[PDB]
Ligand SMILES: C/C=C(/C)C(=O)O[C@H]1C(C)=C2[C@H]([C@@H]1OC(=O)CCCCCCC)[C@@](C)(OC(C)=O)C[C@H](OC(=O)CCCCCc1ccc(/N=N/c3ccccc3)cc1)[C@@]1(O)[C@H]2OC(=O)[C@@]1(C)O
Ligand code: NA
């Protein structure tokens, strides 16, 4: 049954054809099981380790490296023990990344799997095969089963309550909405078919816990058809878009594949003269090997092997840094999307305010005389739940007992209240026991002390519930009509130890409309026009004005109906029992905003981040609270920038999307509205942060770019969110967004640094193949630089001091490329220099170097013909063309250039003369280690044979410096162009 809440208990039994006493027959269970399936959510389609490994090798760049490794293995097979080092190192990189990926997925947690912790293992049913109850597996429960639940039981399916075998039935529905008080259930049907779950007073939802009582019911839906099952299907459908940087890697990969292939065509076209080369000759087996080991070098030089290690280590350190600021980020790639947040949708009571109620104002009727009227407004000091306060009128201490209207006012707050106070010695602070708005009333009557009781000598524990207990002795709480959203009030039936009385509290409009009289001290006066208008006017002054208070109308029924003429089980008749009331007074309490929220809203204004408030208050107070914390101006018109649940649904889908682009406040939203607002924001390409703390909020948290859960929220809300606020404070979001922009600012820099190095390395290898020179750089050397020599200053670039105007700029566009425009031309000139500096360095030692054999450029270009001992050759040893020394010139030039290029990466356009290189201390320290590591591989005896290197003379290093140092001069010239032109 889709709408079993709207059907009577007889209609539900008639639908399935099951008796409440006998239960489903064995043949009915057979057919109901085949029709509706088993009472369980679908299992996770877990990927195999093989599936992950394939995923690791699905990336094009990884595939290129694997191909290069294979070519290297073959070349090593047909070539010195060092030969197979190159294949192994490449493979080790790939293997490690895969292991990292596998570990990441294993650590990852799935919210849908979390939903299964709310699936009980067992369930109690009544079936026709046995007379007594049967405790079967909850998986085997089918719709139409007669199910019994009691205290401690977890509800196994969506159950329509048939009969409550106890006095009352209280259910803990906290998994749906978060930390909440138990809800009373009944058996009468709910008229509205489109009613929300909060109003389904006759339904037991799967996963909830029975707080107290015992009832018999009939199963309405099972599996994915339950309310918790519908939420799973919404989460399954939600697709997680790749972070902008992840998409850029996909872009950089496919564009790099085109350049590598076009270079292979370019080298073939440049060396097309080999078609006119004679046929007889052994240089063809050497030629194919020459271009194959250049292809391996071309792949290593193009791919930044160390970039993922530097990226994942900067995000991991930023997560530890955010954790000290109470921001628990779960996914590392989501830190980039955190700095890109454009709209923040936040709840109020948990995040924007402290959720610590306290009565601040109250008024009782002072005098009614025809058209004249006067009230007795009061002020209450003390913002905590402690009974330490003072009642004031016109800022003057008063004794509350001297006013008779306050005596009846306090008895309502003490009796029409299900909460209490309690003192904790481990913290020395009075704590809350129950609802926050009800605990404020118990604290209020303690500050009043309307009976002038002596509490000075009472202990702190006794002081907490002392004046309340006195009032509790005077009257006897017979029964309680619980709160319901249709009448928005609750009442209690009391008798003395004079006839009986009823004390009512609730929303002002509903309670005052049911008042026919007005309490004036101890007398009674009929409710008239000018009195009701004076009362309702002060209601709007406290709820809409600067006070932003939540008002509660308090009334009594001096002549309640007879006890036998009342039915305490019909929740629909509760409003009829709460009629013909006498207005006593109104109590207004404040949910104060946090201290750091007002400044955090202004930081979002300076950073171009829009804040949207989501409350449960009426539209008048929600707009008033927005004007208080800074969402709206005090005199700013907000006719089309604030909506409610009914207002938003009464709009067509066209005007709903237009409303979400200008709205900054949503009051009393339906459960589906959070996911609808996210989609409308995403339709405008907004990066939306959404808050929530229950399974109801779980689909909206996954749909939003960044779900934000509460540290005190449910486990499902945390597993569904990208960030968890440890202190539930809204300011943690702004601090996490600020840190997200700061991380990406430094992250943008070392990416450009490592990428520009790969550009210069390719130009170096393209010049080697286009001219026919010996290999100036070997893939083993390039891997050592791209992983270690350049990876250390890249990590150091992640610690660059952040800009002082980060929160003064609009959020970054996700489609903004890292390198484009004039910067794209810079790294071409820089890369064109590195490629020419390294190739020219190795060609120097071969040609103009005194320490090295002078050789003609033709000989160097035609060095593969040395074997002939041609007359064109001078009989020079052919082994010279394989000498180690020249590869050290190209390597030391490349290393020193990247050390200089790392200094130029401290700023995009600012000069080093203006922003000095010693701004980042970690960058200078990383350069020292990287250079020392260069000497380690140059001098420590095992390493240079592995890297095919030899030490350089003090004269040779000066040649490296005069070739590498002009990089700073070249890059400063390019920076000087962007600044002044
Ligand atoms: C890398 C080396 C070379 C030689 C190359 O071809 O690079 C070109 C290239 C692909 C781009 C271009 C480059 O084009 C040129 O330089 C053309 C010069 C021609 C000169 C001819 C002289 C005769 C770029 C380089 O030109 C310059 C001059 O910088 C600029 C730009 O690139 C980026 O902005 C970086 C995004 C990073 C994204 C983040 C990222 C993180 C980790 C990554 N891998 N982790 C791995 C780990 C393990 C395994 C594998 C990977 C990869 C990326 C782009 O145009 C880019 O193709 C694009 O679509 C843009 C918008 O991305
Ligand atoms: Na999400």
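Numbering (the UniProt record's numbering), first residue to last: 1 to 79, 84 to 501, 508 to 991.
Yeah, the Cβ is synthetic: ideal placement off N, Cα and C, and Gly gets one too.
Assigned exposure category for residue 1008 - 16 Cβ within 10 Å defines buried:
Look at the range of the chain in this structure, 1 to 991, and you will see that residue 1008 is not part of it.
Can we count residue 306 as close to ligand 4, meaning its CB is less than 7 Å from some heavy atom?
Ligands in the displayed structure: ligand 1 and ligand 2; ligand 4 is not one of them.
Mind checking which residues open and close the beta strand (DSSP E) that includes residue 474?
Counting along the chain, residue 474 falls outside any beta strand (DSSP E), though it belongs to the alpha helix (DSSP H) covering 471-478.
Restricting to runs no shorter than 4 residues, where is the alpha helix (DSSP H) found entirely within the segment 811-894?
832-857 and 867-871
How would you call residue 279, buried or exposed, if buried means at least 16 neighbouring beta carbons within 10 angstroms?
exposed
Residue 701 and residue 349 closer than 8 Å at C-beta
yes
Going by DSSP in three states, residue 508 sits in which element: helix, strand or coil?
coil
Just to confirm, does residue 697 get its C-beta within under 7 Å of one of the non-hydrogen atoms of ligand 2?
no
Grab the span of the beta strand (DSSP E) containing residue 367 for me, first residue to last.
362-373
Nearest to residue 139 (by Cα), restricted to the options 147, 148 and 125:
125
Residue 141 by DSSP, collapsed to three states: which one?
strand
Among 684, 538 and 593, whose alpha-carbon lies nearest the alpha-carbon of residue 412?
593
Three or more C-beta pairs under 8 Å: does that hold for the segment 396-415 against the segment 347-365?
no
What first and last residue would you give for the beta strand (DSSP E) that runs through residue 122?
Residue 122 -> no beta strand (DSSP E), and no H or E assigned at all.
Mind checking whether the beta-carbon of residue 343 lies closer than 7 Å to any heavy atom of ligand 1?
no
Counting Cβ pairs, one atom from each stretch, are 3 or more of them under 8 Å apart for the segment 180-199 and the segment 255-272?
no
With residue 195 as the anchor, note down where its beta strand (DSSP E) starts and where it stops.
It is not in any beta strand (DSSP E) - residue 195 carries neither H nor E in the DSSP assignment.
Return the residue from the list 489, 970, 30 and 892 that minimises the CA-CA distance to residue 187.
489
For residue 678, which residues of its own chain have a beta-carbon under 6 Å away from its beta-carbon, when the five flanking residues on both sides are left out?
626, 654 and 655
Taking the straight line between their C-alpha atoms, what separation do you get for residue 717 and residue 409?
49 Å
Based on the DSSP output, what are the partners of residue 527 in its beta bridges?
536 and 592
Pairwise C-alpha distance: residue 75 and residue 91
9 Å
For the beta strand (DSSP E) holding residue 676, just list the boundary residues, first then last.
675-677
For ligand 2, any of its heavy atoms closer than 7 Å to the Cβ of residue 470?
no
Three or more C-beta pairs below 8 Å linking the segment 667-685 and the segment 619-636
yes
With 16 other CB atoms within 10 Å as the buried threshold, where does residue 687 fall?
buried
Hey, quick one: how far does the alpha helix (DSSP H) through residue 36 stretch, first residue to last?
26-36
Beta carbon of residue 827: closer than 7 Å to some heavy atom of ligand 1?
yes
According to DSSP, what are the bridge partners of residue 347?
620 and 698
Identify the residues that DSSP records as bridge partners of residue 452: which are they?
In DSSP, residue 452 forms no bridge with anything.
Assuming residue 232 is part of the alpha helix (DSSP H), what are its boundary residues?
231-241
Where do the N-terminal and C-terminal ends of the beta strand (DSSP E) with residue 220 fall, by residue?
219-225
Would you check if the segment 743-753 and the segment 339-346 touch, i.e. whether three or more CB-CB distances between them fall below 8 Å?
yes
Quick one: does the C-beta of residue 542 sit closer than 7 Å to a heavy atom of ligand 2?
no
Taking just the CA atoms, how far does residue 277 sit from residue 851?
27 Å
Quick one: which unbroken alpha helix (DSSP H) runs of 4-plus residues sit fully inside the segment 598-648? Chain order, please.
607-616 and 629-639
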